[PDB]
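Note: the block below is run_22.cif and it holds mmCIF, N, CA and C atoms and all ligand atoms.
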```cif
data_upload
loop_
_atom_site.label_atom_id
_atom_site.label_comp_id
_atom_site.auth_asym_id
_atom_site.auth_seq_id
_atom_site.Cartn_x
_atom_site.Cartn_y
_atom_site.Cartn_z
N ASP A 198 -15.61 3.81 -3.13
CA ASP A 198 -16.09 3.78 -1.73
C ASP A 198 -16.02 5.12 -0.96
N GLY A 199 -15.90 6.22 -1.69
CA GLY A 199 -15.74 7.55 -1.10
C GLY A 199 -14.35 7.82 -0.53
N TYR A 200 -13.35 7.00 -0.88
CA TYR A 200 -11.96 7.36 -0.64
C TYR A 200 -11.33 7.73 -1.97
N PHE A 201 -10.87 8.98 -2.06
CA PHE A 201 -10.06 9.46 -3.16
C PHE A 201 -8.60 9.11 -2.86
N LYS A 202 -8.10 8.12 -3.59
CA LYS A 202 -6.84 7.44 -3.32
C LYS A 202 -5.81 7.82 -4.35
N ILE A 203 -4.64 8.18 -3.84
CA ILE A 203 -3.50 8.67 -4.60
C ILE A 203 -2.40 7.62 -4.51
N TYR A 204 -1.99 7.10 -5.66
CA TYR A 204 -0.81 6.25 -5.77
C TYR A 204 0.25 7.02 -6.55
N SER A 205 1.52 6.95 -6.17
CA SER A 205 2.56 7.74 -6.83
C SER A 205 3.92 7.06 -6.86
N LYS A 206 4.81 7.59 -7.70
CA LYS A 206 6.24 7.24 -7.70
C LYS A 206 7.10 8.42 -8.13
N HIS A 207 8.30 8.47 -7.55
CA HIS A 207 9.44 9.22 -8.06
C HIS A 207 10.52 8.29 -8.62
N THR A 208 11.07 8.65 -9.77
CA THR A 208 12.43 8.24 -10.16
C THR A 208 13.12 9.41 -10.83
N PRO A 209 14.44 9.60 -10.61
CA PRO A 209 15.22 10.43 -11.50
C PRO A 209 15.29 9.77 -12.88
N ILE A 210 15.48 10.59 -13.91
CA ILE A 210 15.49 10.21 -15.34
C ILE A 210 16.52 11.05 -16.11
N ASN A 211 16.67 10.76 -17.40
CA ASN A 211 17.33 11.64 -18.37
C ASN A 211 16.64 11.58 -19.75
N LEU A 212 15.56 12.34 -19.95
CA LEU A 212 14.82 12.38 -21.22
C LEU A 212 14.48 13.81 -21.66
N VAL A 213 14.36 14.02 -22.98
CA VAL A 213 14.05 15.34 -23.57
C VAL A 213 12.60 15.49 -24.04
N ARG A 214 11.98 14.50 -24.69
CA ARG A 214 10.61 14.63 -25.22
C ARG A 214 9.78 13.34 -25.25
N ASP A 215 9.94 12.45 -24.26
CA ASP A 215 9.18 11.19 -24.17
C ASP A 215 8.86 10.78 -22.73
N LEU A 216 7.78 10.02 -22.56
CA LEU A 216 7.43 9.32 -21.34
C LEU A 216 8.33 8.06 -21.21
N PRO A 217 8.98 7.79 -20.07
CA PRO A 217 10.05 6.80 -20.01
C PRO A 217 9.58 5.40 -20.37
N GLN A 218 10.24 4.83 -21.38
CA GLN A 218 9.90 3.53 -21.94
C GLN A 218 10.33 2.43 -20.97
N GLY A 219 9.41 2.02 -20.11
CA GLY A 219 9.69 1.04 -19.08
C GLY A 219 8.52 0.80 -18.14
N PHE A 220 8.84 0.15 -17.02
CA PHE A 220 7.88 -0.28 -16.04
C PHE A 220 8.26 -0.02 -14.56
N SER A 221 7.34 0.53 -13.79
CA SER A 221 7.56 0.81 -12.37
C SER A 221 6.24 0.71 -11.59
N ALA A 222 6.30 0.52 -10.27
CA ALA A 222 5.13 0.48 -9.41
C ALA A 222 4.91 1.80 -8.65
N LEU A 223 3.64 2.20 -8.52
CA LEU A 223 3.22 3.36 -7.74
C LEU A 223 2.67 2.91 -6.38
N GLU A 224 3.19 3.44 -5.28
CA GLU A 224 2.69 3.15 -3.93
C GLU A 224 1.54 4.09 -3.54
N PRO A 225 0.59 3.66 -2.69
CA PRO A 225 -0.43 4.55 -2.16
C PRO A 225 0.20 5.58 -1.21
N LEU A 226 0.26 6.84 -1.63
CA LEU A 226 0.80 7.93 -0.83
C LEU A 226 -0.25 8.46 0.15
N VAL A 227 -1.53 8.48 -0.24
CA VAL A 227 -2.66 8.74 0.67
C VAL A 227 -3.97 8.14 0.16
N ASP A 228 -4.91 7.93 1.09
CA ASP A 228 -6.28 7.49 0.87
C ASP A 228 -7.27 8.42 1.58
N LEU A 229 -7.55 9.56 0.96
CA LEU A 229 -8.35 10.64 1.53
C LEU A 229 -9.84 10.26 1.58
N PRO A 230 -10.50 10.26 2.74
CA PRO A 230 -11.91 9.93 2.86
C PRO A 230 -12.80 11.15 2.55
N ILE A 231 -13.19 11.34 1.29
CA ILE A 231 -13.79 12.59 0.80
C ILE A 231 -15.24 12.42 0.31
N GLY A 232 -15.63 11.24 -0.19
CA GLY A 232 -17.03 10.89 -0.48
C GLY A 232 -17.77 11.69 -1.58
N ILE A 233 -17.12 12.63 -2.28
CA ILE A 233 -17.75 13.50 -3.30
C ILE A 233 -17.87 12.88 -4.70
N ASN A 234 -18.87 13.33 -5.46
CA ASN A 234 -18.94 13.13 -6.91
C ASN A 234 -17.86 13.95 -7.63
N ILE A 235 -17.16 13.35 -8.60
CA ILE A 235 -16.22 14.05 -9.50
C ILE A 235 -16.52 13.70 -10.95
N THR A 236 -16.42 14.68 -11.85
CA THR A 236 -16.55 14.49 -13.30
C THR A 236 -15.38 15.04 -14.10
N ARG A 237 -14.70 16.07 -13.56
CA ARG A 237 -13.58 16.74 -14.24
C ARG A 237 -12.50 17.23 -13.26
N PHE A 238 -11.36 17.67 -13.80
CA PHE A 238 -10.21 18.12 -13.02
C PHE A 238 -9.20 18.91 -13.87
N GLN A 239 -8.28 19.60 -13.19
CA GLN A 239 -7.38 20.61 -13.72
C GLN A 239 -6.05 20.58 -12.96
N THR A 240 -4.93 20.98 -13.57
CA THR A 240 -3.61 20.97 -12.92
C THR A 240 -2.95 22.36 -12.89
N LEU A 241 -2.10 22.58 -11.88
CA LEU A 241 -1.63 23.90 -11.43
C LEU A 241 -0.16 24.15 -11.75
N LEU A 242 0.10 25.17 -12.56
CA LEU A 242 1.44 25.50 -13.06
C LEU A 242 1.97 26.78 -12.39
N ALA A 243 3.25 26.80 -12.05
CA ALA A 243 3.97 28.03 -11.70
C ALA A 243 4.09 28.99 -12.91
N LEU A 244 4.01 30.30 -12.67
CA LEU A 244 3.98 31.35 -13.70
C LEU A 244 4.94 32.51 -13.37
N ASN B 536 7.69 -18.35 18.95
CA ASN B 536 8.31 -19.69 18.99
C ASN B 536 7.53 -20.77 19.76
N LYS B 537 6.31 -20.48 20.21
CA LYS B 537 5.35 -21.44 20.79
C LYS B 537 4.02 -21.31 20.05
N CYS B 538 3.25 -22.40 19.94
CA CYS B 538 1.93 -22.35 19.29
C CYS B 538 0.97 -21.45 20.09
N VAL B 539 0.26 -20.54 19.45
CA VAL B 539 -0.60 -19.55 20.10
C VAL B 539 -1.83 -19.28 19.23
N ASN B 540 -2.97 -18.92 19.83
CA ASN B 540 -4.03 -18.28 19.07
C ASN B 540 -3.64 -16.82 18.86
N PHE B 541 -3.17 -16.48 17.66
CA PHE B 541 -2.95 -15.08 17.31
C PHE B 541 -4.28 -14.41 16.96
N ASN B 542 -4.31 -13.09 17.12
CA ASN B 542 -5.34 -12.20 16.60
C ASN B 542 -4.74 -10.80 16.51
N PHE B 543 -4.74 -10.24 15.31
CA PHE B 543 -4.54 -8.82 15.06
C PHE B 543 -5.81 -8.29 14.39
N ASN B 544 -6.47 -7.27 14.94
CA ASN B 544 -7.62 -6.60 14.32
C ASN B 544 -8.82 -7.52 13.97
N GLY B 545 -8.99 -8.63 14.70
CA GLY B 545 -10.02 -9.64 14.43
C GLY B 545 -9.55 -10.88 13.64
N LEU B 546 -8.28 -11.00 13.25
CA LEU B 546 -7.73 -12.18 12.55
C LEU B 546 -7.45 -13.36 13.50
N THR B 547 -8.48 -13.92 14.14
CA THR B 547 -8.28 -15.13 14.95
C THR B 547 -7.76 -16.29 14.10
N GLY B 548 -6.62 -16.87 14.48
CA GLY B 548 -6.06 -18.08 13.89
C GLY B 548 -4.99 -18.70 14.80
N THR B 549 -4.72 -20.00 14.67
CA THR B 549 -3.80 -20.71 15.57
C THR B 549 -2.48 -21.00 14.86
N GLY B 550 -1.35 -20.60 15.44
CA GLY B 550 -0.05 -20.89 14.85
C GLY B 550 1.12 -20.58 15.78
N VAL B 551 2.32 -21.00 15.37
CA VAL B 551 3.54 -20.45 15.93
C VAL B 551 3.65 -19.04 15.39
N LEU B 552 3.75 -18.05 16.27
CA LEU B 552 4.20 -16.72 15.89
C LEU B 552 5.73 -16.75 15.83
N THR B 553 6.33 -16.14 14.83
CA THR B 553 7.79 -16.06 14.69
C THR B 553 8.17 -14.71 14.11
N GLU B 554 9.32 -14.16 14.49
CA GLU B 554 9.82 -12.91 13.93
C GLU B 554 10.19 -13.11 12.46
N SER B 555 9.65 -12.27 11.57
CA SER B 555 9.86 -12.40 10.13
C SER B 555 11.15 -11.72 9.66
N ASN B 556 11.68 -12.15 8.51
CA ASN B 556 12.68 -11.40 7.76
C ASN B 556 12.07 -10.63 6.57
N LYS B 557 10.74 -10.63 6.41
CA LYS B 557 10.08 -9.99 5.26
C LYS B 557 10.14 -8.46 5.32
N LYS B 558 10.68 -7.84 4.27
CA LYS B 558 10.67 -6.38 4.06
C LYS B 558 9.34 -5.94 3.44
N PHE B 559 8.30 -5.84 4.26
CA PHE B 559 7.06 -5.19 3.85
C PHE B 559 7.34 -3.71 3.57
N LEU B 560 6.66 -3.15 2.57
CA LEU B 560 6.70 -1.72 2.25
C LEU B 560 6.02 -0.88 3.34
N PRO B 561 6.24 0.44 3.40
CA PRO B 561 5.74 1.27 4.49
C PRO B 561 4.24 1.19 4.76
N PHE B 562 3.41 1.10 3.72
CA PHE B 562 1.94 1.16 3.84
C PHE B 562 1.29 -0.18 4.20
N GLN B 563 2.09 -1.22 4.40
CA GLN B 563 1.70 -2.59 4.14
C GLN B 563 1.44 -3.41 5.41
N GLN B 564 0.28 -4.09 5.51
CA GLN B 564 -0.27 -4.52 6.80
C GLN B 564 -0.38 -6.05 6.97
N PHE B 565 -1.14 -6.73 6.12
CA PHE B 565 -1.21 -8.20 6.11
C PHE B 565 -0.34 -8.77 4.98
N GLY B 566 0.37 -9.86 5.25
CA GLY B 566 0.97 -10.70 4.23
C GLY B 566 0.16 -11.96 4.01
N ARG B 567 -0.18 -12.20 2.76
CA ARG B 567 -0.84 -13.43 2.43
C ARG B 567 0.22 -14.28 1.75
N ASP B 568 0.08 -15.60 1.91
CA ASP B 568 0.87 -16.65 1.29
C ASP B 568 0.49 -16.83 -0.18
N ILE B 569 1.23 -17.69 -0.89
CA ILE B 569 0.87 -18.21 -2.22
C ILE B 569 -0.54 -18.82 -2.22
N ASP B 570 -0.90 -19.44 -1.10
CA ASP B 570 -2.19 -20.08 -0.82
C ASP B 570 -3.32 -19.06 -0.47
N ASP B 571 -3.03 -17.76 -0.46
CA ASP B 571 -3.91 -16.66 -0.02
C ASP B 571 -4.38 -16.72 1.45
N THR B 572 -3.93 -17.71 2.21
CA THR B 572 -3.93 -17.68 3.68
C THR B 572 -3.00 -16.58 4.17
N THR B 573 -3.35 -15.86 5.23
CA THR B 573 -2.42 -14.95 5.90
C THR B 573 -1.21 -15.71 6.47
N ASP B 574 0.03 -15.34 6.11
CA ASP B 574 1.27 -15.93 6.66
C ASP B 574 2.25 -14.91 7.27
N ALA B 575 1.91 -13.63 7.24
CA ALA B 575 2.63 -12.59 7.96
C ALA B 575 1.72 -11.39 8.24
N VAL B 576 2.10 -10.55 9.19
CA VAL B 576 1.26 -9.47 9.68
C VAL B 576 2.12 -8.48 10.43
N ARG B 577 1.94 -7.19 10.14
CA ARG B 577 2.52 -6.12 10.94
C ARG B 577 1.78 -6.03 12.27
N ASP B 578 2.49 -5.89 13.39
CA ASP B 578 1.85 -5.60 14.67
C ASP B 578 1.27 -4.17 14.69
N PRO B 579 0.04 -3.96 15.20
CA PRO B 579 -0.58 -2.64 15.17
C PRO B 579 0.06 -1.63 16.14
N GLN B 580 0.65 -2.10 17.24
CA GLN B 580 1.19 -1.24 18.29
C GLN B 580 2.64 -0.87 18.02
N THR B 581 3.43 -1.84 17.57
CA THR B 581 4.88 -1.74 17.46
C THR B 581 5.35 -2.09 16.04
N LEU B 582 6.37 -1.42 15.51
CA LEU B 582 6.76 -1.57 14.10
C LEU B 582 7.59 -2.85 13.87
N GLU B 583 6.91 -4.00 13.74
CA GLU B 583 7.51 -5.28 13.34
C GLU B 583 6.59 -6.06 12.40
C1 LIG A 601 -22.12 13.31 -10.72
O1 LIG A 601 -22.66 14.44 -11.46
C2 LIG A 601 -23.14 14.08 -12.83
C3 LIG A 601 -23.58 15.34 -13.58
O2 LIG A 601 -24.48 16.13 -12.78
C4 LIG A 601 -24.22 13.00 -12.71
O3 LIG A 601 -24.57 12.50 -14.03
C5 LIG A 601 -23.73 11.79 -11.89
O4 LIG A 601 -24.85 10.87 -11.76
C6 LIG A 601 -23.20 12.22 -10.52
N1 LIG A 601 -22.63 11.08 -9.80
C7 LIG A 601 -23.36 10.24 -9.07
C8 LIG A 601 -22.57 9.24 -8.21
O5 LIG A 601 -24.59 10.27 -9.10
#
```
What would the structure in this file look like if it were written as structure tokens?
Ligand SMILES: *[C@@H]1O[C@H](CO)[C@@H](O)[C@H](O)[C@H]1NC(C)=O
Amino acid sequence: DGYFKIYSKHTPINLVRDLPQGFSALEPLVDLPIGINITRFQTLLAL
Amino acid sequence: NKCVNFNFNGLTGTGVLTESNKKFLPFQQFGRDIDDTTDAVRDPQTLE
């Protein structure tokens, strides 16, 4: 509907090389009214 | 605690309004029952 919606969660953990084997809910942190076409995306690392 | 025609945001319906004990999450606006009828609602003006 032209809202780019972000759902998220934080938990502290203790793992070395796996995605945590379990279940949790993500809350809507924002619902940005942006209306654009998207096909691809990229993520930003500190250097 | 008296029967009233409630309306929040166009939700006309008749009932006793009562103060809830429900812990709705921060983003959360209407409560629906098991029956999918609305049975709780955040007030738009004041945080209850
Ligand atoms: C988004 O762009 C692609 C590639 O140009 C196109 O195939 C797609 O139809 C566009 N999205 C919409 C909603 O038309």
Output as an MDAnalysis selection string the set of chain B residues within 10 Å of chain A, with distances taken over only C-alpha atoms. chainID B and resid 560:563
Let me see if you get this right: every residue at most 6.5 Å from ligand LIG 601 (chain A), counting all atoms listed in the file, written as an NGL selection string. :A and (234-236)
Here atom CA of residue 217 of chain A and atom N of residue 243 of chain A stand apart by 22.6 Å
Test item: which residues lie within 6.5 Å of (0.3, -21.5, 16.4) counting only N, CA and C atoms, as number ranges by chain: B: 537-541, 548-552
Could those selected residues go to a file with N, CA and C atoms, as a compact mmCIF listing (two decimals), keeping the file's coordinate frame?
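Result file again-v3.txt:
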```txt
# COMPACT_ATOMS: atom_id res chain seq x y z
N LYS B 537 6.31 -20.48 20.21
CA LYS B 537 5.35 -21.44 20.79
C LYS B 537 4.02 -21.31 20.05
N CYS B 538 3.25 -22.40 19.94
CA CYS B 538 1.93 -22.35 19.29
C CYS B 538 0.97 -21.45 20.09
N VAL B 539 0.26 -20.54 19.45
CA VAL B 539 -0.60 -19.55 20.10
C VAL B 539 -1.83 -19.28 19.23
N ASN B 540 -2.97 -18.92 19.83
CA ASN B 540 -4.03 -18.28 19.07
C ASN B 540 -3.64 -16.82 18.86
N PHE B 541 -3.17 -16.48 17.66
CA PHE B 541 -2.95 -15.08 17.31
C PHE B 541 -4.28 -14.41 16.96
N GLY B 548 -6.62 -16.87 14.48
CA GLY B 548 -6.06 -18.08 13.89
C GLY B 548 -4.99 -18.70 14.80
N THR B 549 -4.72 -20.00 14.67
CA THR B 549 -3.80 -20.71 15.57
C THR B 549 -2.48 -21.00 14.86
N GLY B 550 -1.35 -20.60 15.44
CA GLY B 550 -0.05 -20.89 14.85
C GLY B 550 1.12 -20.58 15.78
N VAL B 551 2.32 -21.00 15.37
CA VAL B 551 3.54 -20.45 15.93
C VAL B 551 3.65 -19.04 15.39
N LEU B 552 3.75 -18.05 16.27
CA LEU B 552 4.20 -16.72 15.89
C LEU B 552 5.73 -16.75 15.83
```
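All residues within chain A that the backbone DSSP calculation assigns to strand (DSSP E) are residues 200, 201, 202, 203, 204, 205, 224, 225, 226, 227, 228, 229 and 230 of chain A.
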Separating atom CA of residue 233 of chain A from atom C of residue 205 of chain A, to the nearest tenth of an Å, is a gap of 22.9 Å
Mind checking which residues fall within 10 Å of residue 579 of chain B, counting only C-alpha atoms, ignoring those fewer than 5 positions away in the same chain, and posting them as a PyMOL selection string? chain B and resi 543-544+564
What is the atom CA of residue 573 of chain B to atom CA of residue 206 of chain A distance in Å? 27.4 Å
Measuring between only N, CA and C atoms, which one of A:244, A:216, A:222, A:229 shows the shortest distance to residue 203 of chain A?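 Among the listed residues, A:229 lies closest to residue 203 of chain A.
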